[PDB]
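The form deposited in one PDB entry is given below as one chain in structure tokens.
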């Protein structure tokens, strides 16, 4: 009579499933890779049928690993990348691809075929663009829809359903076509605060046809996370997954936002739900999303949103990011000529490259409180792939100072430390921007890459002057999705309730001394000056 809940997370590379008990402890997990197709540059495609098979196999293996009965599984939640799934009028895969294969019916979030369409949309200056900083991205869905209407007219004539990936999953599981407020508000321009598609936008950009039949093709009904769909797991989906028909299924959510649910509510007050007002979520990895919520709407330069009820009801979401975080740290580490020799030594000692570099840093520092100061004369402007937040300029580039003609592991370690600090300083700039525009953030909840690196964590806390709180359960997106399942099943009455019950703080890392904090204040002055210097070089060259 003990109950379990499953979260499913469909990432770029794999579909993953986790089985959780009622206190949020993971008792089972499994993974299946999903196939990627890259027919030409900027084109990145997947197959919805391949993904669904991956999800079903992952779920079956996780339940088996958990060693529980299917009647014990009482709720499912699904999250995925914000990719685009195209189906015909019968619900079957319909090609989006130069290959013509109907199997290739998913335009992956990271596909950039629709750059031209995004530029056309942006030129209209339509009001709904104000929620994406006035500049729609080619990754978002409406540019992609316009691209398909233009370049794949036969597909366009035969469309029955245009799903954000998370919504495809819940539809495939339940037959219910209802869409999530998350995908639709964040990525499709749905006005969460007016509960509607804006027909003026769709007409203006040349997508007027999507609104026919009560907007059947894109979402006639749109609901909050935690709401149960259809009559639960369909007979078909239950047989495919090895579960019980009717098992509750929540409305879907985008992957990063699931991560946020997974961690943002882990309470610092015994026997209360968490206070969100002063927290930011850092969803780390190769890139990082910076997510906070307010009771009021704030349009913040360089940050996306405000998106109403995109995660929690009666909260407006603001979302910033850094495009290369783990990716930048790995670029700096892996490009250094000492890398291969140090990697080999690390592997042989059963450590990660980060643990090996951290060891070097500790040795160079003498005592640990001196680690931050090792970069007193070495600075980095981290915008190697532009800056997303708060500068919103994809054309910015990186700078590194303090370079010497030395190629030792010590030099590599210093460059890695400078990278961590630059990224932490960029996080400080995002938090500061939010705090000048409606927030009072003083605490960071973190998940994903970097959270198992003690120097990464500590220097984020030092640079921002905010505590970094690390989760008991590392699997934030699977856990957040499972929490949605509990709400859909009625076990908890609200997401904040589920979050408080199913996540907790595993470790609190506070900023250190005033000396260390003041050092970062000076580093931050350099961080800002480097941007102005960059702009000055550009001016001089003109």
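What we label the rigid core is the largest C-alpha set whose atoms superpose within 1.5 Å from one form to the other. Residue numbers count along the first chain shown, from 1.
From this point on, the text means the form deposited in another entry, which you will not see here.
Fill in: C-alpha displacement of 2 Å or more between this form and the one not shown on the rigid core, among 159, 312, 181, 444
It is 444.
**Prompt:** Cα of residue 533 displaced 2 Å or more between this form and the one not shown, core superposed?
**Reply:** It does shift by 2 Å or more.
**Message:** Taking the rigid core as the reference frame, tell me whether residue 28 has a CA displacement of 2 angstroms or more between this form and the one not shown.
**Reply:** After core superposition, the C-alpha of residue 28 moves less than 2 Å between this form and the one not shown.
Checklist entry - Core aligned, does the CA of residue 69 move at least 2 Å between this form and the one not shown? => result Comparing forms between this form and the one not shown, the residue 69 CA shifts below 2 Å.
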